[PDB]
Amino acid sequence: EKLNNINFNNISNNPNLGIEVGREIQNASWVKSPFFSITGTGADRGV
Amino acid sequence: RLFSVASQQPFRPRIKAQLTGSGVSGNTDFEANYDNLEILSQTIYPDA
Amino acid sequence: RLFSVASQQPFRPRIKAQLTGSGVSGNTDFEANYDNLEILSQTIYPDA
Amino acid sequence: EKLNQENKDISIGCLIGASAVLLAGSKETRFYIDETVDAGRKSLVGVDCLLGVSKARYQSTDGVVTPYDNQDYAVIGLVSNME
Amino acid sequence: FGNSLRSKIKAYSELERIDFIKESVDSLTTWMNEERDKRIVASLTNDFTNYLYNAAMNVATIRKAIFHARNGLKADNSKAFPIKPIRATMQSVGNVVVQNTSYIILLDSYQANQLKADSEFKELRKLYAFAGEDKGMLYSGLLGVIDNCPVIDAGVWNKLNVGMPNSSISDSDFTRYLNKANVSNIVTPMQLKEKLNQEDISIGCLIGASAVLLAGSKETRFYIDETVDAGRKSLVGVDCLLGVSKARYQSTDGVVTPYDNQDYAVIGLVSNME
Amino acid sequence: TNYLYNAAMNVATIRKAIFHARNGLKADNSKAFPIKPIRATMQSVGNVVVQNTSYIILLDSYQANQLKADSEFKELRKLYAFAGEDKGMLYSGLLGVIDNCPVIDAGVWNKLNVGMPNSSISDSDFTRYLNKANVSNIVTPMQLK
Amino acid sequence: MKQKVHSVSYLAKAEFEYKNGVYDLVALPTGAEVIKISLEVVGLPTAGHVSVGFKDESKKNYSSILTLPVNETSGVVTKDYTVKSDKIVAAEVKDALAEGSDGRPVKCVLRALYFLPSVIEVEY
Amino acid sequence: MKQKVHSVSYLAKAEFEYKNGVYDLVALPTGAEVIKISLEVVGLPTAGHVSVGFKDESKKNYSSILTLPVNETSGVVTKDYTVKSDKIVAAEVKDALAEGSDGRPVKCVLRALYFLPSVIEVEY
Amino acid sequence: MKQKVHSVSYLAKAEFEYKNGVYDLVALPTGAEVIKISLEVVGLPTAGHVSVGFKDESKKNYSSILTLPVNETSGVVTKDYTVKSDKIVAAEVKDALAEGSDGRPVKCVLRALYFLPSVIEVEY
Numbered sequence: 003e004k005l006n007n008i009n010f011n012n013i014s015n016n017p018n019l020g021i022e023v024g025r026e027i028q029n030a031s032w033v034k035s036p037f038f039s040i041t042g043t044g045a046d047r048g049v
Numbered sequence: 050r051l052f053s054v055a056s057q058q059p060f061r062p063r064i065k066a067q068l069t070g071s072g073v074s075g076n077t078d079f080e081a082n083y084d085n086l087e088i089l090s091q092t093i094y095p096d097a
Numbered sequence: 050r051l052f053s054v055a056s057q058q059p060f061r062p063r064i065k066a067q068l069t070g071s072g073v074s075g076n077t078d079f080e081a082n083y084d085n086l087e088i089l090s091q092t093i094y095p096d097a
Numbered sequence: 291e292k293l294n295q296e310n311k312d313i314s315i316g317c318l319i320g321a322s323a324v325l326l327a328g329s330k331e332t333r334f335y336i337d338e339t340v341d342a343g344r345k346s347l348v349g350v351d352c353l354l355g356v357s358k359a360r361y362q363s364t365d366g367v368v369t370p371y372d373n374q375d376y377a378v379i380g381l382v383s384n385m386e
Numbered sequence: 098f099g100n101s102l103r104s105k106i107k108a109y110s111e112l113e114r115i116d117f118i119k120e121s122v123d124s125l126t127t128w129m130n131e132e133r134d135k136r137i138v139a140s141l142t143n144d145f146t147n148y149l150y151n152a153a154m155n156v157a158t159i160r161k162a163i164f165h166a167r168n169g170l171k172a173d174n175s176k177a178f179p180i181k182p183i184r185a186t187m188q189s190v191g192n193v194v195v196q197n198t199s200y201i202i203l204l205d206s207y208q209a210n211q212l213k214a215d216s217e218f219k220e221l222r223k224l225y226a227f228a229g230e231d232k233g234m235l236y237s238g239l240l241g242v243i244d245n246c247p248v249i250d251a252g253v254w255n256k257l258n259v260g261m262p263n264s265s266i267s268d269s270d271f272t273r274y275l276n277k278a279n280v281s282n283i284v285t286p287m288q289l290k291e292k293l294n295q296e312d313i314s315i316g317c318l319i320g321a322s323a324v325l326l327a328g329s330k331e332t333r334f335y336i337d338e339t340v341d342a343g344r345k346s347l348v349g350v351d352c353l354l355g356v357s358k359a360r361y362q363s364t365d366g367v368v369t370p371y372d373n374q375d376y377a378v379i380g381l382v383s384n385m386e
Numbered sequence: 146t147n148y149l150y151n152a153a154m155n156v157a158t159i160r161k162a163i164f165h166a167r168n169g170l171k172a173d174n175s176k177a178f179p180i181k182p183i184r185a186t187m188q189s190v191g192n193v194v195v196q197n198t199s200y201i202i203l204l205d206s207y208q209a210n211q212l213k214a215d216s217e218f219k220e221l222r223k224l225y226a227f228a229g230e231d232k233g234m235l236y237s238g239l240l241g242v243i244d245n246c247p248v249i250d251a252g253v254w255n256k257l258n259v260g261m262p263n264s265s266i267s268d269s270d271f272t273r274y275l276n277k278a279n280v281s282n283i284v285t286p287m288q289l290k
Numbered sequence: 001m002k003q004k005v006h007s008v009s010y011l012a013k014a015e016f017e018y019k020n021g022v023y024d025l026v027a028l029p030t031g032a033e034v035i036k037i038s039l040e041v042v043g044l045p046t047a048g049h050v051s052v053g054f055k056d057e058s059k060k061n062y063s064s065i066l067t068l069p070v071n072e073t074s075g076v077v078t079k080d081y082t083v084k085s086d087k088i089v090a091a092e093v094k095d096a097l098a099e100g101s102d103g104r105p106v107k108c109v110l111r112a113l114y115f116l117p118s119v120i121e122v123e124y
Numbered sequence: 001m002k003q004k005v006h007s008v009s010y011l012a013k014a015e016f017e018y019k020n021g022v023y024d025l026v027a028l029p030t031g032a033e034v035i036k037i038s039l040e041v042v043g044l045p046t047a048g049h050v051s052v053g054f055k056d057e058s059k060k061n062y063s064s065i066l067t068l069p070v071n072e073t074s075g076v077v078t079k080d081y082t083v084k085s086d087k088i089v090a091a092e093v094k095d096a097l098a099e100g101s102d103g104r105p106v107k108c109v110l111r112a113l114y115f116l117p118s119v120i121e122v123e124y
Numbered sequence: 001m002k003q004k005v006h007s008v009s010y011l012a013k014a015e016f017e018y019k020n021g022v023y024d025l026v027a028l029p030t031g032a033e034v035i036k037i038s039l040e041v042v043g044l045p046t047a048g049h050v051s052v053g054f055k056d057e058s059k060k061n062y063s064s065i066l067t068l069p070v071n072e073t074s075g076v077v078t079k080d081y082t083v084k085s086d087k088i089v090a091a092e093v094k095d096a097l098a099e100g101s102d103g104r105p106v107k108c109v110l111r112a113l114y115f116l117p118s119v120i121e122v123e124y
């Protein structure tokens with residue numbers, strides 16, 4: 003029943019504070035293989 | 050990166066991972082092997 | 050009570066306790082007895 | 291059982320006040336009409352609702368203690384036997 | 098081949114604020130890109146007729162490979178036939194033309210580093226700096242060219258993205274990308290490691321003209337089915353048909369040539385990675 | 146989660162970090178995932194076109210000195226000079242780029258200005274600028290040491 | 001690897017009250033792929049047998065495929081069946097009197113899991 | 001010939017690691033037509049029993065329907081079930097120590113094939 | 001109560017003519033949930049065994065899972081299987097001569113009921 007001691011809580015645990023989630027989901031994929039540059043319709047293409 | 054948030058609430062940015070699933074081959078219906086889109090998130094809390 | 054909220058997010062109904070503190074009298078200035086704005090909250094998650 | 295400890312069946316009523324329960328979420332139930340089942344021979348009609356029903360019972364946002372805290376806002380139970 | 102995703106109920110989709118069609122189409126575009134690239138790579142690094150093996154890549158082995166391709170030699174000097182170059186120019190050094198030839202070299206990332214941490218490669222890069230020939234390659238961390246052949250860090254094969262394979266890829270996860278109608282024999286990096294272990313590894317390639325043949329459509333089709341679960345759900349699928357095959361050119365009649373069961377324009381480059 | 150320790154900042158460690166970022170290996174060369182780059186461009190090696198990744202590598206000024214006193218850094222600067230690459234960096238005291246990645250002298254964290262932290266920053270002082278609502282665990286530089 | 005498979009499957013559940021007679025439990029199409037027939041006795045019988053088998057829609061082509069005495073109260077056919085004009089699953093109880101030992105009537109439940117004759121082509 | 005049949009069927013597969021405890025493997029709806037329950041032991045146990053049965057979502061209504069000692073390492077329920085408020089398939093292992101004879105932990109896999117309560121009308 | 005279940009199920013039926021050899025009956029995808037394998041002998045064999053098992057698409061990874069002598073003429077595998085690179089159900093007959101006692105050739109029918117690797121999420 004201790005009254006008014008130090009809190010030690012973050013800005014979380016504050017129920018007045020509401021969370022917002024981002025509409026924009028970011029793809030975790032960025033790498034691009036070189037094969038498109040190799041691939042071609044000419045007779046002298048690697049692919 | 051800046052994440053300018055109107056109403057300056059806590060934010061929750063999200064990313065989506067790679068689709069690491071073997072699909073379907075040939076006439077097999079798409080649905081015989083569904084892939085799963087996994088989403089990852091984290092919460093940003095303000096500080097005054 | 051109906052709480053129509055756009056985006057159908059989990060809602061945060063929120064109330065205030067009535068002020069039950071004696072104020073000030075006469076020339077006494079407000080800061081000699083500040084009143085406390087106490088807030089109470091609840092979370093309503095949706096069900097599909 | 292709680293009443294028994296402090310066998311007859313019981314019946315439950317209540318005195319309710321303003322904002323006894325809270326209906327968060329839209330009132331717009333959604334209807335889905337799929338006239339494509341069986342290549343379009345058959346139809347399927349579905350109804351869906353997202354609804355948050357909660358009996359009003361608030362919690363303190365900090366450590367302050369309040370009479371309203373952790374109590375039904377506007378509901379008083381009334382329990383009798385089934386007879 | 099193709100893949101698909103089915104959504105949550107529209108209530109859940111707009112609850113967690115996901116635009117399922119858009120995100121699904123993006124993710125499936127990524128999946129299909131990686132899948133067709135893995136098709137090409139798996140056909141490319143399938144059973145090797147001639148492959149060189151050095152415990153670590155170096156300009157010694159790159160030169161040996163460009164050598165064997167340019168004049169048509171095998172590891173044990175079985176002398177198969179010369180690999181057609183990607184580009185075959187012709188220039189005179191003093192007063193005599195020599196027909197210099199250009200290839201492509203796809204190196205695993207571990208192999209690219211083994212080449213980077215290679216003495217002779219360091220002096221070669223130094224000399225290019227002095228001459229000002231490969232300018233932009235030491236600045237950019239790339240591998241430049243060797244003997245007129247670009248050396249490319251393709252990457253590593255894993256679940257997330259396509260790259261040159263290695264012996265850690267399981268047999269099943271490799272044979273998934275082989276047509277089995279366009280390949281006569283299957284030799285996975287597991288099997289190749291066991292093979293050269295008779296006397312973990314990482315595979316690279318030397319590529320000439322028409323090393324891998326693609327037949328059919330390079331285009332991709334998307335199918336959007338909004339009418340799932342009466343409409344609460346949508347199904348997004350992605351599909352393409354494409355025949356990939358490493359050029360092999362068996363025969364027409366029963367006559368035997370040096371071309372029969374020979375990769376037309378591919379030389380393997382195996383090296384330890386770890 | 147992923148950090149490389151060397152007794153001094155040489156170009157070897159910088160390039161090792163670039164390699165781990167580009168290919169996605171943990172500090173114990175185990176496979177995590179390729180770090181997204183600050184920039185990703187297309188560069189032609191011969192006729193082939195590959196994708197190059199530029200990160201930003203922020204060096205504590207102690208580390209910037211350790212790098213300026215690196216033999217391999219001097220060799221690389223000599224090569225850049227011969228090839229006519231990024232110029233006016235040794236003259237203007239900067240650190241140039243390494244594997245397409247700008248190397249930055251950030252400074253030293255003190256009471257006056259901001260820079261990369263040292264093991265001399267107090268745990269209390271370091272935490273003062275941590276939200277503790279936006280972290281999973283606290284590893285101050287003394288704890289890292 | 002490529003094949004044709006049955007992609008449509010149904011389960012039919014039917015109850016009868018376990019006393020002498022013949023009951024037409026499940027109807028099957030021609031070419032149906034009957035892959036499970038299970039019979040269950042809900043209650044405590046005292047005397048009698050239940051025989052499930054196949055018979056024609058009209059003519060008297062009954063032939064038992066699973067016989068259940070009183071004691072075990074549950075059974076499953078040991079064999080798989082392609083429907084060839086025997087399009088009725090039927091059950092007959094030749095011996096049975098009132099419920100016995102319970103006062104509450106004895107039930108029998110038959111569940112038939114079968115695949116439809118339709119096929120689709122799939123390669124893996 | 002006309003009837004109502006269950007046209008929707010699901011299979012639920014769940015693993016647990018075969019040491020003492022209670023696990024809630026499969027959730028079933030009311031009116032579900034449970035037609036196959038199979039339990040499998042992956043590994044070489046040395047001592048213990050696995051009992052699978054039905055229990056409530058909340059209250060302590062557990063009752064074993066299939067018991068598996070160490071030796072046979074596989075089992076299937078001999079009976080068919082219509083879900084009536086017992087909407088949890090659960091498995092308990094009362095006796096078990098570490099893996100034994102292998103060095104690699106012992107797995108148990110439960111597969112439940114059940115038909116949904118929905119019915120459709122078909123005539124043949 | 002919430003889970004992921006396999007909602008897609010196929011049945012593959014294949015016949016062979018019961019004489020010495022190896023037959024590739026059913027093709028399965030990786031992650032397939034094989035829940036029933038049944039073998040049936042149509043006719044009256046006089047001598048021989050049928051062994052059904054799993055093998056690779058290419059390499060010689062055959063291993064019998066169900067052996068059937070002449071007498072019983074029907075069998076079902078006692079075990080459930082998740083397909084892990086063993087994507088061929090195969091059957092071999094090592095001993096067999098002509099039909100015997102009938103004059104009409106002896107058939108063997110294999111039915112494989114398996115659930116596709118795809119899963120969906122359901123709560124009850």
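Protein chains in written order, with PDB author numbering: chain F, 3 to 49; chain W, 50 to 97; chain G, 50 to 97; chain L, 291 to 296, 310 to 386; chain V, 98 to 296, 312 to 386; chain Z, 146 to 290; chain A, 1 to 124; chain S, 1 to 124; chain B, 1 to 124. By construction, the Cβ of each residue, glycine as well, lies at the ideal position given by its N, Cα and C atoms.
Range covered by the alpha helix (DSSP H) that runs through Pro247/Z:
If you look at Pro247/Z, you'll find it isn't in any alpha helix (DSSP H); it sits in the beta strand (DSSP E) that goes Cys246 to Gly252.
Less than 9 Å between the C-beta atoms of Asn197/Z and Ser237/V, yes or no?
Yes. Within cutoff.
Quick check: is the beta carbon of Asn282/Z nearer than 9 Å to any beta carbon in chain W?
no
Reduced DSSP secondary structure (H/G/I, E/B, other) of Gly343/L
helix
Start-to-end residues for the alpha helix (DSSP H) that takes in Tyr23/B
Per DSSP, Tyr23/B belongs to no alpha helix (DSSP H); it is in the beta strand (DSSP E), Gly21 to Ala27.
Do you know how far the Cα of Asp231/V is from the Cα of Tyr225/V?
Cα-Cα distance, rounded: 6 Å.
Roughly how many whole angstroms lie between the Cα atoms of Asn155/V and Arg273/V?
32 Å
Would a check of beta-carbon distances place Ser64/B closer than 9 Å to chain S?
no
Amino acids of chain G, ordered along the chain, whose beta-carbon sits closer than 9 Å to that of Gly366/L:
Per Cβ cutoff of 9 Å: no residues; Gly366/L is ~11 Å from chain G at best.
What do you reckon, is the C-beta of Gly75/G under 8 Å from a heavy atom of the ligand ZN?
For the ligand ZN, the structure offers nothing, since it holds no ligand at all.
Beta-carbon proximity of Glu33/A to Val83/A, cut-off 9 Å
yes
Under 9 Å between C-beta atoms, does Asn18/F make it to chain L?
At a cut-off of 9 Å between beta carbons, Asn18/F contacts chain L.
Simplified DSSP state of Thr158/V, which is helix, strand or coil
helix
What's the C-alpha gap between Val119/B and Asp86/S?
Per the coordinates, the alpha-carbon of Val119/B lies some 24 Å from the alpha-carbon of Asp86/S.
If we count the other Cβ atoms within 10 Å of its Cβ and call it buried at 16 or more, is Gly53/A buried or exposed?
buried
Start and end residues, beta strand (DSSP E) containing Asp205/V:
It spans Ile201 to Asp205 - the beta strand (DSSP E) in which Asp205/V sits, taken as one unbroken run.
Interface residues of chain L around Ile106/V at Cβ under 8 Å?
In chain order: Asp351.
Please name the residue in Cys317/V, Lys213/V, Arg160/V and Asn245/V whose C-alpha comes closest to that of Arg184/V.
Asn245/V
Ignore the nearest five residues each way along the sequence and tell me which others in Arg63/W's own chain have a CB closer than 6 Å to its CB.
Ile88 and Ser90
Under 8 Å Cβ-Cβ, which residues of chain W neighbour residue 142/Z?
This structure cannot settle anything about residue 142/Z, because the visible part of chain Z is limited to 146 through 290.
Just the C-alpha distance for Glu80/W and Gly349/V, rounded to the nearest angstrom, thanks.
Looking at the two C-alpha atoms, the distance is approximately 9 Å.
List in chain order: all unbroken beta strand (DSSP E) runs of 3+ residues lying wholly within the stretch 94 to 118 of chain A.
107 to 115
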